[PDB]
Amino acid sequence: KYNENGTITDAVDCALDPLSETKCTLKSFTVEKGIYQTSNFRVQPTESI
Amino acid sequence: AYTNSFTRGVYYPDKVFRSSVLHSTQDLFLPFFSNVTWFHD
Amino acid sequence: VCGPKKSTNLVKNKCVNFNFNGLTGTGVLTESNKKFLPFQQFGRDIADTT
Amino acid sequence: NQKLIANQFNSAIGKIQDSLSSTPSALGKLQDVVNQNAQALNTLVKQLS
């Protein structure tokens, strides 16, 4: 979050938590009430047969 | 010894001036609330 | 290790082809009221435009 | 019942004014249209790069 003077006042890590992922995907520093699609769960293979 | 990084370790990605905007950038950063090693050695 | 780089006189209030180090473009250069950080070289707008 | 109707209408228009002043989501449609237009333009600009 850049200020008007060119310095940064806050930062959000996208991988910190689902709330942070919502903050990153909305590209806004404040999340309004509702539901937002953020990621896509995919089960990965474990063995090669 | 170990301790909490909190929100430290953020540096300016590049020498670009930006005013009152939110920028999403991917680069090498210290993870927030990460466990960092403490030395006294 | 590189050779010398040429320099030209600055022109304002006229459509010119400007080349500042690695940033090239065409436009009109006017006086700015903004303030840059000491290490910053150029400013970018919200649409990834210098 | 002219006076009662007049008073009720005045109170109703006052309540509408208060609701417009207070509720920010009342004008969601126009803001959504403007946001969609801005998003389309910004997407085009990003795709230019």
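Values quoted throughout were computed directly from the atomic coordinates according to the rules given, and no laboratory measurement underlies them. Neighbour counts run over all protein chains shown; Cβ positions are idealised from the backbone, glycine included.
Do the conditions hold for C:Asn33, that is, is it within 14 Å of another protein chain (Cβ to nearest Cβ), out of contact with any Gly (no Cβ under 9 Å at 6 or more places or on another chain) and outside any strand (DSSP E or B)?
Numbers: within 14 Å of another protein chain (Cβ to nearest Cβ): yes; out of contact with any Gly (no Cβ under 9 Å at 6 or more places or on another chain): yes; outside any strand (DSSP E or B): yes.
Criteria met by C:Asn33.
Of the conditions (1) within 27 Å of C:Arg44 (Cβ to Cβ); (2) loosely packed, with under 13 Cβ neighbours inside 10 Å, A:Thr22 satisfies every one except a single condition; which number is it?
Unmet for A:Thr22, out of (1) within 27 Å of C:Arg44 (Cβ to Cβ); (2) loosely packed, with under 13 Cβ neighbours inside 10 Å: (2).
Under the condition of being more than 8 Å from chain B (Cβ to nearest Cβ) and loosely packed, with under 11 Cβ neighbours inside 10 Å, which residue from region A:1-18 is farthest from the chain's Cα centre (by Cα)?
Here the answer is A:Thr9.
What pairs come up if the first residue lies in region C:1-15 and is under 19 Å from C:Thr30 (Cα atoms), the second is of a type in the set (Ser, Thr, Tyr), and their beta carbons are under 8 Å apart, counting only those six or more places apart or on different chains?
C:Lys12/C:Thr30; C:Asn13/C:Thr30; C:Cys15/C:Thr26
Pick from region B:4-26 the residues that are of a type in the set (A, V, I, L, M) and either at positive phi or in a loop (DSSP other than H, G, I, E, B) (or both): which of them is surrounded by the most Cβ atoms within 10 Å (Cβ to Cβ)?
Going through region B:4-26, the residues of a type in the set (A, V, I, L, M) turn out to be B:10, B:16, B:21-22.
Then drop every residue that is not either at positive phi or in a loop (DSSP other than H, G, I, E, B) (or both), which leaves B:10, B:21-22.
Numbers: B:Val10: 13, B:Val21: 12, B:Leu22: 17.
Going through the qualifying residues, I end up with B:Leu22.
Consider region B:1-32. How many of its residues are more than 7 Å from every other protein chain (Cβ to nearest Cβ), over 10 Å from the mean Cα position of the chain (by Cα) and either closer than 21 Å to A:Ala15 by Cβ or not acidic (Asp, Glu) (or both)?
Selection size over region B:1-32: 8.
Please enumerate the residues belonging to region D:27-49 that are surrounded by 10 or more Cβ atoms within 10 Å (Cβ to Cβ), over 24 Å from the mean Cα position of the chain (by Cα) and more than 10 Å from every other protein chain (Cβ to nearest Cβ).
Selection gives D:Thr43 alone.
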